[PDB]
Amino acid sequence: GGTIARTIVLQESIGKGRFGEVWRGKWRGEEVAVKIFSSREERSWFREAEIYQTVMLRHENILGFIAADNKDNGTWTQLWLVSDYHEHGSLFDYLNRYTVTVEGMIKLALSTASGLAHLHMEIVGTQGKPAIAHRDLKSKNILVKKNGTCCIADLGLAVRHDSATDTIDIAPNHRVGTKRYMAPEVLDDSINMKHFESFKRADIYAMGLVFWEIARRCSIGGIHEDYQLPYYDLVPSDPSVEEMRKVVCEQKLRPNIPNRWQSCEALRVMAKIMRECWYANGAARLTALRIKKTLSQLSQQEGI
């Protein structure tokens, strides 16, 4: 028999994502995460397996993929994805549970930007990597490792670019992803989904929102903000496209940047990155690579 799902024992239910359910399991004595899909979710399982098996994808700031597998329990077939397990769980959970130091904030923001720059970057060569856009980046889809750096997960809605043709490997539907984090051009459906660069730019808007969630929890002299999701002050829980579009597109509002973030070079640089992710025009936003460079220079100056 097989060497993966056959030998893994599920221990603890973690919860349901877009499709399937995540568990903590044990494999050769080691904790692993397992995402289990049913037979009628095969397209979702296959596509996420396909993205994670992309040549040259592995990176410290992308969730470490172990395998795709099947497991037949005697009644039905389960479709498995197996990954590294991170005890802290999501950035969303971590930021709810904890405050961070200036060092902690920069590590979380730099590691996220590094993972997104790696996803976005085409690597040339025989073992080349296509450019990839995420399409559902949010704090619930980022994990915090024991070393206090992040890695990006839920690659199931990702799209891959063929640079030679400027074409994408699937036919994208409109307004996939989490409505709270949707870029203005996604909410008003103006995005040109035939241009791969548009999907990169939409990811940058979402990463800006995630940076705002992190910076709220950066405690200096015991001062910090409470955990909130972006737009907690303007839209209902589980907002509709229309509710988001009225706020982000029509009223042109973004998450508030507290006066406190001007007091501190690290928070000033973070706030400036947020503003330069939040432009209505995607073409004006920072690249992940530029954000990585800026936070790398800030990491150096603060001695992390």
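Residue numbers run from 1 along the displayed sequence. Heads up, when I say rigid core I mean the largest set of C-alphas that superpose within 1.5 Å between the two forms.
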item	value
160 to 168 against 175 to 183 - segment lying farther from this form in 4 other deposited structures of this protein (CA RMS, rigid core fit)	160 to 168
105 to 113 set against 134 to 142, stretch whose average Cα temperature factor tops the other in the entry	105 to 113
Stretch exceeding the other in mean C-alpha B-factor - 191 to 199, 150 to 158	191 to 199
Most elevated Cα B-factor in the entry, residues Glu265, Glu48, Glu243, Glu250	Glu265
Residue of maximum C-alpha B factor among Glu213, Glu87, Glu225, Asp93, per deposited coordinates	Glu225
Third assignment of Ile257 from its chain's C-alpha B-factors	highest
Entry-reported Cα temperature factor of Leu289, expressed as the chain third it lands in	highest
Record-listed C-alpha B factor of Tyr98: chain third	highest
Relative C-alpha B-factor of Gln53, binned into the chain's lowest, middle or highest third	lowest
Within-chain third of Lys71 by Cα B-factor, per the entry	lowest
